[PDB]
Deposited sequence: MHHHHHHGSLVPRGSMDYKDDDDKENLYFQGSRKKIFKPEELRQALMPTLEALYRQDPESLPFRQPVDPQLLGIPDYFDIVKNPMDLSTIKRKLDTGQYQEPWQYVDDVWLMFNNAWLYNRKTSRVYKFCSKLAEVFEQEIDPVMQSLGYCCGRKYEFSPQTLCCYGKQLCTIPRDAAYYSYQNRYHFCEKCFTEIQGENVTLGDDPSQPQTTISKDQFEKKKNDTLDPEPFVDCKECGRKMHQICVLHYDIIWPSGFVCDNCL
């Protein structure tokens, strides 16, 4: 009897379908996304080499219609899987890529009040900005958002101007082949991390619900469960 919130299918369908309809309403931008990708019909036979888990509006609608989502973040995840597949497969200059970006703008403007009506802090999946990275070359030096840099193992980073590795003064350093590195751009957004309400079990964002002047020695409890 731990007060876990169980979402019934009709609750999720009634709340979330208007956000899906807002995407469907976009003409022309929803047109590439209204049906499952058919690589042979479209003439893109390499599609499933790149996209391992396809997703589209019709599949999301069917999942809502048949109760396949236990909680609304799974719906949010499917919407972003659809977007991320298209941003990966298609070139930035292509119409499908640009249409995807329009759909994502619409979704971000629709999802927060809907998720709030379901008891959540908001519906935003990703952090607002790429995290600032540390540059190994200098001590002061850091890599800001949208900056170019080099990275081995997604661990050790050098800004391009600075570009014998170690992560601690006592750690014996190792020589790594320069240009074993990959050049990257600091433009990736990570998912906003969660904390679960210990009563209802809802996943809430740490940044949304945990404040600099509040402690939770016995565990986080959301506003509606207090």
**Q.** Chain regions without C-alpha coordinates, deposited sequence numbering
**A.** 1 to 30, 194 to 201
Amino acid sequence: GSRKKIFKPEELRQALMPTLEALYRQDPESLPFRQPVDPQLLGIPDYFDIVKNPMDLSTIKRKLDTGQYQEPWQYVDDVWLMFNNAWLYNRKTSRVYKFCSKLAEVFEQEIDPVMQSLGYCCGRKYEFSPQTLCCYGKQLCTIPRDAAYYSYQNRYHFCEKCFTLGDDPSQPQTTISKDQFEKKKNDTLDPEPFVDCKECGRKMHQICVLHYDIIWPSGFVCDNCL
From here on, numbers count along this sequence of modelled residues.
Q. If we scan the other compared entries, does residue 146 go without coordinates in at least a third?
A. yes
Q | residue 178 left out of the model in a third or more of other PDB entries | A | yes
Q.
Mean Cα B factor from the PDB record: higher for 76 to 84, or higher for 132 to 140?
A. 132 to 140
Q. Would 150 to 158 or 98 to 106 have the larger average of its C-alpha temperature factors, as given in the entry?
A. 150 to 158
Q: Name the residue from 51, 176, 55, 31 with the greatest C-alpha temperature factor listed in the entry.
A: 176
Q. Whose CA atom has the top B-factor in the entry, of 194, 163, 47, 69?
A. 163
Q.
By the recorded C-alpha temperature factor, relative to the other modelled residues in its chain, which third is residue 61 in?
A. lowest
Q | Where the record places residue 26 (Cα B-factor, split into thirds across the chain) | A | lowest
Q: Relative to the other modelled residues of the same chain, rank the CA B-factor of residue 215 and answer lowest, middle or highest third.
A: highest
